[PDB]
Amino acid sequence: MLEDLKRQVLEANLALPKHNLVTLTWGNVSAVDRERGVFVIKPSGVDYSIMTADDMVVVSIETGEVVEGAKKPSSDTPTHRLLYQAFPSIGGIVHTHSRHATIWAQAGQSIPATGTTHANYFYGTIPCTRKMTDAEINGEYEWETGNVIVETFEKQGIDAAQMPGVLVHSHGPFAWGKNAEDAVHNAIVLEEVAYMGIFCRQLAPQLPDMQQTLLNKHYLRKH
């Protein structure tokens, strides 16, 4: 029904393995069409090497019901859905277990801004969520994963339009952007700064976060 959108999502999903952000069939990308009140996401149970635009599922932003698609949508759909409702300014969402961002997630630590690379895409510390409670995990898990992300941002007063990424404790990174592609680009940068953050800490364990002035210069410049 939104072929050009299914195209953008399809291509973004195929970009995941190309940029070495995923292995096997992990990861998923989706894009939203606000006026349509629906979002398109990667299908569940489909290899990237077989995946076609027609496999992309159409889901209702409001009810989470599949508006079009023969395939089952990604099991992470509720999280995507929740985030679209919570963050009005986002147009695309990426979820992967990219190695280095996931290392930070598993460590339960937030990625501090120590470089201009990071400053160009994330306005400050990339937050790692608190652990989910036993209740949240055994309840509507994916949806709750979304709630934990949103709570993290509200409690810490972080603007989602200025921080297109987050780490889910013991799980992995979630990133987003203006559209499917933009979302994928933010995901690849999140992985890059995660990688560099590990080793810059090793070289300088008592390294202070970058100068606020430098952070501002680079983030405010773009956007």
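Residues carry their position along the shown sequence, with the first being 1.
For the pair 201 to 209 and 11 to 19, the mean B factor over Cα atoms is greater in 11 to 19. Of the two segments examined, 56 to 64 and 160 to 168, it is 56 to 64 that shows the higher average Cα temperature factor in the deposited entry.
Across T77, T133, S89, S110, the entry's maximum B-factor at the CA atom is seen for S89. Across the options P173, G177, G37, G27, the residue with the most elevated CA B-factor in the record is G37. Annotation for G139: CA B-factor lies in the middle third of the chain's modelled residues. Among the modelled residues of the chain, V184 sits in the middle third by CA temperature factor in this PDB entry.
Sort the modelled residues of the chain by CA B factor and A31 lands in the middle third. The entry lists a Cα temperature factor for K72 that places it in the highest third of the chain's modelled residues.
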